[PDB]
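Q: Before I ask anything, let me first share the structure, which is written out below as structure tokens.
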Amino acid sequence: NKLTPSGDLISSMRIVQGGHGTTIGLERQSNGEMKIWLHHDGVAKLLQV
Amino acid sequence: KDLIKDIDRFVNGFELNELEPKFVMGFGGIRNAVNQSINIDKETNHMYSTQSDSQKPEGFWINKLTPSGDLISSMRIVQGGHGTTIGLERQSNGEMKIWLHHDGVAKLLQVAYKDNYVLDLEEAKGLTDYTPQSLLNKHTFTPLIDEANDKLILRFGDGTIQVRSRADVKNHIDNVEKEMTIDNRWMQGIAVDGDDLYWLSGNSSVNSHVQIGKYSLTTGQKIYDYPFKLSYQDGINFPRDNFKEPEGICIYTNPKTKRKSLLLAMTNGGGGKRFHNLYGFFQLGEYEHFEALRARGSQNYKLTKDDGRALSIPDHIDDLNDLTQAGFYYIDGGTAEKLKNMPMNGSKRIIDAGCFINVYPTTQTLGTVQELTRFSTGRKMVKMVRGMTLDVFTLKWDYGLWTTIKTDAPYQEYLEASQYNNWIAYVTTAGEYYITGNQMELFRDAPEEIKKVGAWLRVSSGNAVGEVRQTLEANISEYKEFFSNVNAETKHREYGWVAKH
Amino acid sequence: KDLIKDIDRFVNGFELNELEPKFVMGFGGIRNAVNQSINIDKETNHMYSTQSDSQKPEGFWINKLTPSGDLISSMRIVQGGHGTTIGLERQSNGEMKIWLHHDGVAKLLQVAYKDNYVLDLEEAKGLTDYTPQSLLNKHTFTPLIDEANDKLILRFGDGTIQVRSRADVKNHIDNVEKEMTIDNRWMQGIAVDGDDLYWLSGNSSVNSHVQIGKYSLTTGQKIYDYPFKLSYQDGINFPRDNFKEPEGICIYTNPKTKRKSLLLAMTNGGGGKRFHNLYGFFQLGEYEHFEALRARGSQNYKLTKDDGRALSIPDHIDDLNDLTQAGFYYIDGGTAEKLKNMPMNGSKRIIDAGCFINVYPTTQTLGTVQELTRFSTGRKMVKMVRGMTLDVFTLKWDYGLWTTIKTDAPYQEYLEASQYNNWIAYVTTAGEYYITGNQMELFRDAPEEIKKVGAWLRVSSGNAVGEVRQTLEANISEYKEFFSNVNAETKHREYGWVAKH
Amino acid sequence: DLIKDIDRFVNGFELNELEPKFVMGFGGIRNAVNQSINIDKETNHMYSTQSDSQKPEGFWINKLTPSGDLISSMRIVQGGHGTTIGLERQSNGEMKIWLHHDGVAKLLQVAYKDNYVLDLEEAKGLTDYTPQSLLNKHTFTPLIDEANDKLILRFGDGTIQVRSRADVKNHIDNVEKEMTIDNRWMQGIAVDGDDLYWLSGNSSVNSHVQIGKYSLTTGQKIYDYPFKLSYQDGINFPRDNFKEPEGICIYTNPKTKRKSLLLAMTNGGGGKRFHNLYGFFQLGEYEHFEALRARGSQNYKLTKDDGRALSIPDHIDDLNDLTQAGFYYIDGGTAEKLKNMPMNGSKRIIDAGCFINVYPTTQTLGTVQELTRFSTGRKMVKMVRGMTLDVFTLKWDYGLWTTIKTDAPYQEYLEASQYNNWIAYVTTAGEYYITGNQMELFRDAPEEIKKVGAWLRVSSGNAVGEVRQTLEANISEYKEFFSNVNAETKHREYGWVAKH
Amino acid sequence: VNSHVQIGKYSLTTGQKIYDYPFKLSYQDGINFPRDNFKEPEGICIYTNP
């Protein structure tokens, strides 16, 4: 879930069969796009989506 | 002593004002507009250019090009500004990132290049800002890269040049390593190679000379100005439509030979007809690097003579069946009269004048098509095609039947009875012809009802048994039309003319 | 001391792993299959390649090629084996002999090359055997030649290299002068230059690097392995269809300059689409030898812009009569509206949109054809051609009448009465048009019987007196058709519409 | 010694040590052999001469682009053979030509004019620059040594007169140097300072091309240099076995000051002559002319390098995606599977291999796809459609198919099953044939001719997207029917209407 | 959105600029994400707590 600084929902992204999503890592790119470090349990890979 | 200092200069020197500018290749771009910048990706030989998008708040396109200048894809930076310069940084996974200043969001960006992609304003706002801390609220610059030293250089409108470390900017480190000032005629391009800075200037007029100024980043002062003339379409300072605008420069260092070239982009052609040509200044032997890249993308099989004349058939060709080599040919009337296996309508050679012969670029098994175009100025032009295939086991050819492409002109396709042995049945090639009253009297198989008057002859396509239907429409003020079937090969008439009226 | 040892290395060095690979030219072959070997005939500049024939007991083709890679002729060795390598030996009378191992008859042969010839098995049995005495019942080798030293080298499957004198083998003398052993990745080519042996390896995958190993025939051991990347269609390691297979190497020694090149054959393109590209490693200045050979066979007159865009007409051309220079052009709708001498149907400009203009490669006396193609997406495309000739004494042009190539689409060629001054008689260009009921009412010369209903208009070719017959077929459920002759130039109607029903 | 070897290779310009290399082809207004060749160093223009083939011989002067294309020509009516000429570009950019006008027996300095005929009456009023000592002795032609501003006169008997060009322009008669040159006759001459070059050889394949090098100070021959050139099919394999030498010139690069000796050859048979430029170059100087050739060459690939048509990329499975210009061919298998091929209902019209000509594009990348069905036993079908690219959305818009009318003496056979037994499916304009057997199988066949064959003719569309089908019975009596069909939905508007 | 907000600090005794201070504000959706992409500065004032 992407949220405003006041907690309102902007948008959401579903990782189908990605696992529990216990923790993730944020890495904002230079062009302003956000990449998410997450472990996709379905494909058994550490991803930067 | 001196002979060596002369040879070393000629062999190993790279002093700009001692080098000759040479045309390299043309290159494309998605926009029908002038070019703006040019850069080489040394790890792929790809080229990248920028062009304006010509919109209310200016944006620019980034064009990804083949090493021979063909367009691979383009990326639009909506409201990104002029795109005067950009910086290439290829990542480890093979993806390309572009250093550019997005004027719309007032941020220095490092954007991932995407093929045929539109970077709209809402996405650009969410991208990471790499603008140095000391340069906020001061967004009048564009970036470029010095590949050899991994420097990210910033060019400012007022003429300030800031040399920074690319890695520093990527790590949000604000450190100006070198700063100098550059100073009718304005900037058209800038390239930095180590200590050497190059400054391109000149406008599009034929009377405005192209010039590159060489500066030293350590001294900060100009070394020299280098004016030069380029050879365009019709020679030195004779560009198409009298338009020759300089559109950016870049330094290239050969990864293998480590020798250098300075490449220069020019736009020629008139309004709405712009096209881009790459020139270069080269160390000895380095022009061949780019010539090979051009050659790979060039037409290396001769379709016409080098001056635009069509090919002539070899003297040893006396048979159309033997002209199986691809190319655009022309034969004059004399040759058309004598060549074996030309299209016939019985005893009449259909191509009774000079003839263009287009032999198609062949199939993978050397099959081809011969497309004939009868060259006349007082009669209609006849177009006919036939195919042929080569048996790779017997090395013998199989030739197909002739197809006629329907053509018509406001003048008649006149039928002289004597040329067809006075047989209308000889005319089995599809199309429309005209028989005058005088000639109808001379044709043996003319319909008696219209024996003394003219008529259009129309010949259909074949049926299942190889017959074609001939139709005669009398050229009179009353409706009279006849038809009759004829066997295309033997010219045997199946039945007498059948009246429709 | 050192500056000279650097210049001499750069100018006179021929160390393979210090040289840059450069594209030279493409080349053909009779088979739609990958290439296998490549060789140069130094006395003619002819090239020779081999290809598999893809048959049950494998045979191979020998292709004789022009210096620019075009196919001259081919010779098939039925059941001759793979044809991995061959050796060229040009005879005194100018005939070429090919050293090859015929696997079908298990003999080393010296066959006379013949153009487009099939060497069947029965003939191969009667040919002279040159297999050395010690190599009978041991036929797992193919031959190659070292031209500079007149050596015939035999490469064995197990990796044995036998260096023999070619003259010795021709004289049935069995003497092994040198023998060494070469040793996932297998052999793709081998070339010998004096003491230096080169070993090409690598598979077709984009992930498999091309590599040449350099060996010394005196030491017998490897000097070094040299991996390298080539620039393909879209750049370094971006070949068409992701296919890049190495297909043989050869050393070339320039007869005049005595300087050397190592040429490398690659096959690119996907299944059933293979094509062959020659690369090379060159001493300084030797690339120009092959560039000139490529240029002689290349298209040296510009038919399109360098990026595949059609040519634009010069700004100074405001009259189609002046566009007599060969090339493929495009003009936009605005230009088509203003150009003088465009095709007309009375007051109506036929080409009422953008237009491709194909100016044919000219006759030997600079005659040419202009082929116009109206560029639209919502209407049919009109194609028209006219010819023109140049008087070499007056330098004036004569322009012929327009021929229409018949075209049709499932959409109408709509006639707006006002554009023809409300005269159907204005439409004298051959073809089929449609008149809606609304427009028929507005045409002054419409047939009264169908004044308020639509109809197809068909216009024939001219007759002897410059008249054309117009036909109107009513677009109704009952048969109603009319005809009337019109003079194509003056638009004068000869008589009222004549009913066929 | 290693330096004396490197300097020779890098800075040497000894003719008989240099390799001849093809440079470029070049044109000319006349369908005839070439005669001379010269470079205008200030523009890179080339100038050649050709005979006019007239009763008193005249010659043409051709002005050429740096890539050999014809800009314009000027005819010197009855001017003679035009064996050699001299270029002198003026300050205002106009070109003047030093030539000997044999018709008026005068050495002239004529202003070059584009596509202009210099008739005899005008030539008589032109200024005479013939030296005082050379009147009534008009058996020479002029050439220029650009580097030293010399005007050289070559005489028929073999006399070479070296004069100052400025002197001749000022009507000053002074012979600075004179030497004598001496089966095989003169084909060209070029002077570079002290070096004089003499080209000889005839058109036969058995006649070797040769350049003799002479010294103007010594007056004697230094050496003869025979050489072989590589022609269309290789060394001494010229087209039609014709290879005639047609002039030479020395070129000095204004920037590098290094030299080239250029040689013009004419190849091809009678009435098919074409001209090819060769050269001998100092190290690095070939690139000067290669760049000039490249500027005028076709630098976008239309066919494979051996004359085969392009193949479509493996990743193209949809004709809509083949928007890149070029001449392509696809085999029958590929034509069967490609998406968005022309259809007549359920029937794929292109039911064989197919040439695909993708036009060189508009300035906004619009193009046309022209398909040609490749068969040998059936007629060849030709169809075209256009498409445009939206530069804002980067999406393509594809137009409807136009059919180019084609016909052969064999039928375009209609198998009822391939059209789901509907004649209405055939809405593409053209003429087809339905056999009696197939007419019985078509559901919408006219009953009156249910068991007999007929030609099917399909018209162009009308305003409402309908096309008129016409059936003409293949019998000895007049029977013809028509009926309208909607091209898209294949819906028949009404039953067949008899004309008989 | 591409125009940074800035406050310049000056000294009335010296008469010259001390420094320029550019800064980013957090709007509806965060830093430099204002509603309808409009963010215009409209005055300042100093407040001293009595």
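Residue names in the structure tokens use chain letters A, B, ... in the order shown, residue numbers from 1 in each chain, and ligand numbers from 1 in the order shown.
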Please identify all polymer residues within 9 Å of residue A:6, counting only C-alpha atoms, omitting same-chain residues fewer than 2 positions from it, and present them as a PyMOL selection string.
A: (chain A and resi 3-4+8) or (chain E and resi 28-30)
Q: Can you spit out the residues from that selection as a CSV table (one decimal), in the first residue's frame, using C-alpha atoms?
A:
chain,number,residue,atom,x,y,z
A,3,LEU,CA,0.0,6.0,1.5
A,4,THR,CA,-0.1,9.8,1.9
A,8,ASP,CA,-4.7,7.9,3.3
E,28,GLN,CA,-1.5,16.9,0.2
E,29,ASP,CA,0.3,13.8,-1.1
E,30,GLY,CA,3.8,14.6,0.2
Q: For residue B:420, find every residue with an atom within 12 Å (counting only C-alpha atoms), except residues of its own chain fewer than 5 positions away, and show them as an MDAnalysis selection string.
A: chainID B and resid 344:350 414:415 425:428 439 442:445 491
Q: Keeping N, CA, C and O atoms, export the residues of the selection given above as a PDB file, in the first residue's frame.
A:
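Dumped everything to again-v7.pdb:
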ATOM      1  N   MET B 344       4.526 -12.257 -75.560  1.00  0.00           N
ATOM      2  CA  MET B 344       3.970 -12.329 -76.903  1.00  0.00           C
ATOM      3  C   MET B 344       2.468 -12.430 -76.678  1.00  0.00           C
ATOM      4  O   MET B 344       2.003 -12.943 -75.654  1.00  0.00           O
ATOM      5  N   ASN B 345       1.772 -12.017 -77.743  1.00  0.00           N
ATOM      6  CA  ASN B 345       0.322 -12.067 -77.976  1.00  0.00           C
ATOM      7  C   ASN B 345       0.345 -12.717 -79.353  1.00  0.00           C
ATOM      8  O   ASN B 345       0.218 -12.028 -80.360  1.00  0.00           O
ATOM      9  N   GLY B 346       0.512 -14.037 -79.426  1.00  0.00           N
ATOM     10  CA  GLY B 346       0.761 -14.617 -80.730  1.00  0.00           C
ATOM     11  C   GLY B 346       2.049 -14.295 -81.459  1.00  0.00           C
ATOM     12  O   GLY B 346       3.139 -14.565 -80.950  1.00  0.00           O
ATOM     13  N   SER B 347       1.940 -13.704 -82.645  1.00  0.00           N
ATOM     14  CA  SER B 347       3.110 -13.274 -83.398  1.00  0.00           C
ATOM     15  C   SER B 347       3.604 -11.892 -82.988  1.00  0.00           C
ATOM     16  O   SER B 347       4.699 -11.495 -83.400  1.00  0.00           O
ATOM     17  N   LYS B 348       2.833 -11.160 -82.190  1.00  0.00           N
ATOM     18  CA  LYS B 348       3.159  -9.785 -81.834  1.00  0.00           C
ATOM     19  C   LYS B 348       3.948  -9.754 -80.529  1.00  0.00           C
ATOM     20  O   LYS B 348       3.522 -10.333 -79.527  1.00  0.00           O
ATOM     21  N   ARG B 349       5.098  -9.080 -80.553  1.00  0.00           N
ATOM     22  CA  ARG B 349       5.831  -8.781 -79.327  1.00  0.00           C
ATOM     23  C   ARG B 349       5.117  -7.658 -78.590  1.00  0.00           C
ATOM     24  O   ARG B 349       4.991  -6.544 -79.112  1.00  0.00           O
ATOM     25  N   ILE B 350       4.635  -7.943 -77.380  1.00  0.00           N
ATOM     26  CA  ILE B 350       3.864  -6.953 -76.634  1.00  0.00           C
ATOM     27  C   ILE B 350       4.726  -5.732 -76.326  1.00  0.00           C
ATOM     28  O   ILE B 350       4.294  -4.586 -76.499  1.00  0.00           O
ATOM     29  N   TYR B 414      -3.441   0.689 -79.838  1.00  0.00           N
ATOM     30  CA  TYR B 414      -3.871   0.463 -81.213  1.00  0.00           C
ATOM     31  C   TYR B 414      -3.465  -0.921 -81.700  1.00  0.00           C
ATOM     32  O   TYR B 414      -2.328  -1.355 -81.493  1.00  0.00           O
ATOM     33  N   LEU B 415      -4.399  -1.607 -82.363  1.00  0.00           N
ATOM     34  CA  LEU B 415      -4.166  -2.939 -82.913  1.00  0.00           C
ATOM     35  C   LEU B 415      -4.067  -2.835 -84.431  1.00  0.00           C
ATOM     36  O   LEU B 415      -5.050  -2.496 -85.102  1.00  0.00           O
ATOM     37  N   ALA B 425      -8.125 -13.314 -82.629  1.00  0.00           N
ATOM     38  CA  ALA B 425      -7.934 -14.392 -81.665  1.00  0.00           C
ATOM     39  C   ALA B 425      -6.518 -14.432 -81.109  1.00  0.00           C
ATOM     40  O   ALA B 425      -6.302 -15.030 -80.048  1.00  0.00           O
ATOM     41  N   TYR B 426      -5.549 -13.821 -81.794  1.00  0.00           N
ATOM     42  CA  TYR B 426      -4.188 -13.786 -81.281  1.00  0.00           C
ATOM     43  C   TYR B 426      -4.075 -12.983 -79.986  1.00  0.00           C
ATOM     44  O   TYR B 426      -3.135 -13.205 -79.215  1.00  0.00           O
ATOM     45  N   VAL B 427      -5.003 -12.063 -79.735  1.00  0.00           N
ATOM     46  CA  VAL B 427      -4.905 -11.149 -78.593  1.00  0.00           C
ATOM     47  C   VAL B 427      -5.575 -11.843 -77.411  1.00  0.00           C
ATOM     48  O   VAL B 427      -6.774 -11.708 -77.174  1.00  0.00           O
ATOM     49  N   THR B 428      -4.777 -12.591 -76.647  1.00  0.00           N
ATOM     50  CA  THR B 428      -5.263 -13.298 -75.473  1.00  0.00           C
ATOM     51  C   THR B 428      -4.694 -12.753 -74.171  1.00  0.00           C
ATOM     52  O   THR B 428      -4.979 -13.306 -73.103  1.00  0.00           O
ATOM     53  N   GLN B 439      -9.005  -1.201 -89.540  1.00  0.00           N
ATOM     54  CA  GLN B 439      -8.379  -2.457 -89.149  1.00  0.00           C
ATOM     55  C   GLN B 439      -9.401  -3.571 -88.952  1.00  0.00           C
ATOM     56  O   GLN B 439      -9.095  -4.736 -89.221  1.00  0.00           O
ATOM     57  N   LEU B 442      -9.824  -5.529 -91.932  1.00  0.00           N
ATOM     58  CA  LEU B 442      -8.697  -6.389 -92.261  1.00  0.00           C
ATOM     59  C   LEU B 442      -8.589  -7.613 -91.361  1.00  0.00           C
ATOM     60  O   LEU B 442      -7.892  -8.567 -91.722  1.00  0.00           O
ATOM     61  N   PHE B 443      -9.251  -7.609 -90.205  1.00  0.00           N
ATOM     62  CA  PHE B 443      -9.250  -8.775 -89.330  1.00  0.00           C
ATOM     63  C   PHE B 443     -10.193  -9.839 -89.884  1.00  0.00           C
ATOM     64  O   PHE B 443     -11.354  -9.552 -90.198  1.00  0.00           O
ATOM     65  N   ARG B 444      -9.694 -11.074 -89.983  1.00  0.00           N
ATOM     66  CA  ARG B 444     -10.466 -12.138 -90.616  1.00  0.00           C
ATOM     67  C   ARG B 444     -11.651 -12.567 -89.758  1.00  0.00           C
ATOM     68  O   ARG B 444     -12.704 -12.931 -90.295  1.00  0.00           O
ATOM     69  N   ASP B 445     -11.499 -12.542 -88.435  1.00  0.00           N
ATOM     70  CA  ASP B 445     -12.531 -13.027 -87.530  1.00  0.00           C
ATOM     71  C   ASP B 445     -13.345 -11.895 -86.910  1.00  0.00           C
ATOM     72  O   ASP B 445     -13.949 -12.083 -85.848  1.00  0.00           O
ATOM     73  N   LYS B 491      -4.868 -20.190 -79.641  1.00  0.00           N
ATOM     74  CA  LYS B 491      -5.596 -19.133 -80.332  1.00  0.00           C
ATOM     75  C   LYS B 491      -6.810 -19.660 -81.083  1.00  0.00           C
ATOM     76  O   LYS B 491      -7.289 -19.019 -82.026  1.00  0.00           O
TER      77      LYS B 491
END
Q: Compile the residues of chain E that lie within 10 Å of chain B, evaluated using only C-alpha atoms, and express the compilation as JSON, numbers by chain.
A: {"E": [1, 2, 3, 4, 5, 6, 20, 21, 22, 23, 24, 31, 32, 33, 37]}
Q: How about saving the chosen residues, C-alpha atoms kept, as a PDB file, in the first residue's frame?
A:
ATOM      1  CA  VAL E   1       5.679  22.269  -9.145  1.00  0.00           C
ATOM      2  CA  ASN E   2       9.072  22.771 -10.825  1.00  0.00           C
ATOM      3  CA  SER E   3       9.596  26.189  -9.180  1.00  0.00           C
ATOM      4  CA  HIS E   4      11.209  25.907  -5.755  1.00  0.00           C
ATOM      5  CA  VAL E   5      10.003  28.096  -2.903  1.00  0.00           C
ATOM      6  CA  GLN E   6      12.743  30.369  -1.607  1.00  0.00           C
ATOM      7  CA  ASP E  20      19.248  32.381  -0.096  1.00  0.00           C
ATOM      8  CA  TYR E  21      17.233  29.527   1.438  1.00  0.00           C
ATOM      9  CA  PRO E  22      15.418  27.187  -0.959  1.00  0.00           C
ATOM     10  CA  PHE E  23      13.187  24.550   0.574  1.00  0.00           C
ATOM     11  CA  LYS E  24      10.549  21.971  -0.283  1.00  0.00           C
ATOM     12  CA  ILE E  31       6.833  16.703  -0.762  1.00  0.00           C
ATOM     13  CA  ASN E  32       6.092  18.671  -3.953  1.00  0.00           C
ATOM     14  CA  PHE E  33       2.835  16.779  -4.563  1.00  0.00           C
ATOM     15  CA  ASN E  37      -0.058  20.541  -9.229  1.00  0.00           C
TER      16      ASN E  37
END
Q: Fewer than 3 positions away in the same chain doesn't count, so skip those; otherwise give me all residues within 7 Å of residue B:223, counting only C-alpha atoms, as a PyMOL selection string.
A: chain B and resi 214-216
Q: Include C-alpha atoms and write out the residues we just selected as a CSV table (one decimal), in the first residue's frame.
A:
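Everything below was put into again-v3.csv:
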chain,number,residue,atom,x,y,z
B,214,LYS,CA,39.1,24.2,-27.9
B,215,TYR,CA,39.6,25.1,-24.2
B,216,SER,CA,41.8,23.7,-21.4
Q: Hey, what does DSSP flag as alpha helix (DSSP H) within stretch 120-351 of chain D? Can you give it to me as a ChimeraX atom specification?
A: /D:120-124,165-169,286-295,332-337
Q: Set the distance at 12 Å and use only C-alpha atoms: which residues neighbour residue B:495 once local chain neighbours fewer than 3 positions away are removed? I'd like the list as number ranges by chain.
A: B: 425, 445, 447, 467, 469-470, 482-487, 492, 498-499; D: 474-477
Q: Restrict the distance test to only C-alpha atoms, flag each residue of chain B within 7 Å of chain D, and return the flagged residues as a tab-separated table (two decimals) with C-alpha atoms, in the first residue's frame.
A:
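This is the output file out_17.tsv:
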chain	number	residue	atom	x	y	z
B	20	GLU	CA	40.20	17.09	-41.61
B	22	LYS	CA	34.96	13.83	-42.98
B	23	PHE	CA	31.40	12.67	-43.53
B	24	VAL	CA	30.65	9.51	-41.54
B	31	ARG	CA	10.67	13.72	-35.10
B	32	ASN	CA	10.40	15.61	-38.39
B	116	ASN	CA	8.89	3.86	-27.58
B	233	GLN	CA	25.36	16.94	-50.84
B	234	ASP	CA	26.83	18.99	-53.70
B	235	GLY	CA	30.23	19.72	-52.16
B	236	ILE	CA	31.82	22.22	-49.79
B	294	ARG	CA	28.03	2.38	-41.73
B	297	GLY	CA	23.82	-0.95	-42.42
B	298	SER	CA	24.34	0.13	-46.04
B	299	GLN	CA	22.99	-1.23	-49.32
B	300	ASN	CA	25.90	-3.44	-50.41
B	301	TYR	CA	24.28	-4.92	-53.54
B	306	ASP	CA	26.47	4.76	-59.49
B	307	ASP	CA	25.01	7.86	-61.22
B	312	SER	CA	22.27	-2.40	-68.45
B	314	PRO	CA	25.25	-7.86	-69.95
B	315	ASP	CA	26.18	-8.26	-73.60
B	326	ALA	CA	18.34	-8.90	-59.00
B	361	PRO	CA	15.51	-9.05	-54.78
B	362	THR	CA	15.32	-12.80	-54.63
B	363	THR	CA	13.78	-15.33	-52.27
B	364	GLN	CA	16.06	-17.28	-49.95
B	387	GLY	CA	8.04	-15.49	-61.65
B	388	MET	CA	10.73	-18.13	-61.80
B	399	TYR	CA	9.47	-20.01	-65.60
B	400	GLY	CA	5.87	-19.09	-64.86
B	401	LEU	CA	3.21	-17.52	-67.03
B	402	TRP	CA	2.88	-13.78	-67.51
B	403	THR	CA	0.60	-11.65	-65.34
B	404	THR	CA	-0.58	-8.34	-66.78
B	405	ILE	CA	-1.00	-5.34	-64.48
B	406	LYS	CA	-3.97	-3.41	-65.83
B	429	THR	CA	-3.42	-11.03	-73.02
B	430	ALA	CA	-5.86	-9.43	-70.59
B	461	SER	CA	-8.56	-13.60	-67.43
B	462	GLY	CA	-8.40	-17.32	-68.14
B	463	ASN	CA	-10.92	-19.92	-67.08
B	464	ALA	CA	-10.28	-23.49	-65.91
B	466	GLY	CA	-7.12	-22.15	-70.46
B	468	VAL	CA	-10.18	-16.37	-72.29
B	488	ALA	CA	-4.99	-18.55	-74.87
B	498	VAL	CA	-22.39	-13.76	-79.48
B	500	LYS	CA	-25.59	-9.06	-76.19
Q: Extract, using only C-alpha atoms, all DNA, RNA and protein residues at most 12 Å from residue D:5, discarding same-chain residues fewer than 4 positions from it, and format them as a compact mmCIF listing (two decimals) with C-alpha atoms, in the first residue's frame.
A:
# COMPACT_ATOMS: atom_id res chain seq x y z
CA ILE B 7 55.69 10.99 -38.09
CA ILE C 4 59.73 4.34 -32.33
CA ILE C 7 55.03 3.65 -33.84
CA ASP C 8 56.48 0.55 -35.51
CA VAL C 11 52.18 0.80 -38.16
CA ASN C 12 53.81 -2.56 -38.91
CA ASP D 1 66.58 1.52 -41.47
CA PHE D 9 55.25 3.77 -45.90
CA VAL D 10 53.73 6.75 -44.08
CA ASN D 11 54.98 9.70 -46.14
CA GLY D 12 55.95 8.13 -49.46
Q: Figure out the distance between atom CA of residue B:161 and atom CA of residue B:211, please, to one decimal in Å.
A: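 Those two atoms sit 19.1 Å apart.
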Q: Would you mind writing down, as a PyMOL selection string, each residue of chain E that DSSP on the backbone assigns to strand (DSSP E)?
A: chain E and resi 5-10+17-23+26-27+30-31
Q: If we count only C-alpha atoms, what is near residue D:402 at a cut-off of 10 Å, once residues fewer than 4 positions away on the same chain are taken out, given as a PDB file with C-alpha atoms, in the first residue's frame?
A:
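And here is the file that came out, result35.pdb:
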ATOM      1  CA  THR C 377      -5.454   5.427 -45.245  1.00  0.00           C
ATOM      2  CA  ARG C 379      -9.382   5.900 -49.407  1.00  0.00           C
ATOM      3  CA  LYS C 380      -7.946   3.740 -52.155  1.00  0.00           C
ATOM      4  CA  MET C 381      -4.398   4.387 -53.322  1.00  0.00           C
ATOM      5  CA  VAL C 382      -4.142   5.808 -56.831  1.00  0.00           C
ATOM      6  CA  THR C 407      -6.640   0.137 -58.360  1.00  0.00           C
ATOM      7  CA  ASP C 408      -9.738  -0.543 -56.278  1.00  0.00           C
ATOM      8  CA  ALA C 409     -10.693  -0.776 -52.609  1.00  0.00           C
ATOM      9  CA  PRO C 410     -13.860  -1.803 -50.739  1.00  0.00           C
ATOM     10  CA  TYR C 411     -14.487   1.937 -50.243  1.00  0.00           C
TER      11      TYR C 411
ATOM     12  CA  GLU D 370       2.866  -3.593 -51.077  1.00  0.00           C
ATOM     13  CA  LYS D 382      -0.677  -7.223 -55.800  1.00  0.00           C
ATOM     14  CA  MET D 383      -2.253  -5.361 -52.877  1.00  0.00           C
ATOM     15  CA  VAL D 384      -1.234  -2.249 -50.943  1.00  0.00           C
ATOM     16  CA  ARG D 385      -2.239  -0.604 -47.683  1.00  0.00           C
ATOM     17  CA  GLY D 386      -1.009   2.449 -45.819  1.00  0.00           C
ATOM     18  CA  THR D 428     -12.036  -7.943 -52.941  1.00  0.00           C
ATOM     19  CA  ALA D 429     -12.125  -6.252 -56.343  1.00  0.00           C
ATOM     20  CA  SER D 460     -15.043  -1.149 -55.952  1.00  0.00           C
TER      21      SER D 460
END
Q: Stretch 252-266 of chain C: which residues within 9 Å, counting only C-alpha atoms, same-chain residues fewer than 3 positions away excluded, as a VMD selection string?
A: (chain C and resid 12 14 16 21 24 34 to 40 42 to 43 147 to 148 189 191 193 200 244 to 249 275 to 287 289) or (chain D and resid 17 to 19)
